[PDB]
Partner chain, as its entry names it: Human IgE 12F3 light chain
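Okay, so here's just one chain, in structure tokens, the form deposited without its partner chain.
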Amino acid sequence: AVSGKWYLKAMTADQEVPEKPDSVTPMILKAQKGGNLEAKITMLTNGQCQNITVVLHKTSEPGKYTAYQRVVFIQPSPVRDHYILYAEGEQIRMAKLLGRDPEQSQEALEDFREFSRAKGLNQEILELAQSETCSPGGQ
């Protein structure tokens, strides 16, 4: 049960991802029959809103899902109320800190940094601007 409302607080990649979001809404994880997960999030990118819907199909290995291209790994953080996503796919390796609370947390950042560097993800850690809604320029 990684289910419910999450805040996507940080991301990092093994490479340059020039699709930098300028802010993000909360991420919703809904549990569906079969143990599949539905992930909903909206991201502001260059004045537009990307409303994303990704189904994470369960697999044989526990904690691992498949999506898109990408295989997603989900595991808890040692820090209170934080979870870490680790993703390998189309090729990028990428990791995301999710937290139940939006307030910045140096401990979860520190461990997320410790988690990501031990996998070769050495690019910049971006802490994302949060907002309960995305609104495109002009709308």
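Numbering follows the first chain given and starts at 1.
According to the record, the deposited sequence contains 1 to 3 residues between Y68 and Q69 that were left without coordinates. Between 30 to 38 and 81 to 89, it is 30 to 38 that carries the larger average Cα temperature factor according to the deposited entry. In this entry, 59 to 67 shows the higher mean Cα temperature factor of the pair 110 to 118 and 59 to 67. When the modelled residues of the chain are ordered by their C-alpha B factor, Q139 lands in the middle third. Sorting the modelled residues of the chain by their CA temperature factor places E127 in the lowest third.
In the PDB entry, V72 places in the highest third of its chain by CA B-factor. The entry lists a Cα temperature factor for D22 that places it in the lowest third of the chain's modelled residues.
Not pictured, yet referred to below: the form solved in complex with its partner chain.
When contacts are judged by a 4.5 Å heavy atom cut-off, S77 counts as touching its partner chain in the bound PDB entry. Contact check for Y83: a non-hydrogen atom falls within 4.5 Å of its partner chain in the bound PDB entry.
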